[PDB]
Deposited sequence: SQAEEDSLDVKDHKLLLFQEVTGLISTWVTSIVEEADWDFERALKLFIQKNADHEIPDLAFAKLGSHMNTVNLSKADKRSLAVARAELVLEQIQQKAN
């Protein structure tokens, strides 16, 4: 995919998870730009307490406590994961 396509993927990942751009980039790239694999990675890393509450500052950005943002971000990722799986 072109940098333009990759950029829009990263925007969408950031929109779903509310994560700051470093984390967005690191997860999506680790998942080899596979959006579904990157949501699973995110949920796993969050399950292992790798992602601090402060990293979810971007949730609801126009482009709620930080602990709440973490919880909602996880729920949004699972919901999206549900849809794209079918």
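**Student:** List in ascending order the stretches of the deposited sequence, numbered from 1, that lack C-alpha coordinates.
**Tutor:** Counting from residue 1, the stretches without coordinates are 1-5, 69-72, 96-98.
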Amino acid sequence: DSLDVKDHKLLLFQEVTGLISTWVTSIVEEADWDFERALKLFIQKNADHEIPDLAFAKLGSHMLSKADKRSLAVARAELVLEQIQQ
From here on, numbers count along this sequence of modelled residues.
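**Student:** Between 14-22 and 65-73, which has the larger average Cα B-factor in the PDB entry?
**Tutor:** Higher mean C-alpha B-factor in the PDB entry: 65-73.
**Student:** With respect to C-alpha B-factor, does residue 31 fall in the lowest, middle or highest third of the chain as deposited?
**Tutor:** Highest third - that is where residue 31 ends up once the chain's C-alpha B-factors are sorted.
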